[PDB]
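Contents: one structure, followed by commentary.
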């Protein structure tokens, strides 16, 4: 199924996160035209969220239990 995309999609996040510690959903879709709901479900399990002054949506790969790096 699309788990191939999941595993393969995480690789894209590391490349993205390799350039900057933060990325909003809008920046992630440019790097991957895959449905946000699909990316969000991946970011929801290992990602994080942070609203700021103007409510800047930023996601971060939670390294707390990432056995894969």
Just to confirm the number: angle between the C-alpha axis of helix 36-46 and the first principal axis of the chain, 0 to 90 degrees, nearest 10?
90
Per-pair calculated FRET efficiency, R0 = 25 Å: residue 27 and residue 1 via Cβ, rounded to 0.05
0.45
What's the long-distance tail for the chain, i.e. % of Cα pairs beyond 18 Å?
32
Expressed as an acute angle from 0 to 90° and rounded to the nearest 10, what is the orientation of the C-alpha long axis of helix 3-19 relative to the principal long axis of the chain?
40
Estimated 222 nm signal from helices in the chain, with DSSP H stretches of n ≥ 4 weighted -39500 (n - 2.57), rounded to 500:
-15500 deg cm²/dmol
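Any read-out appearing in this document is the output of simple, stated calculations on the displayed coordinates, not a laboratory observation. No Cβ is skipped: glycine too gets one built from the backbone with ideal geometry, and neighbour counts run over all protein chains shown.
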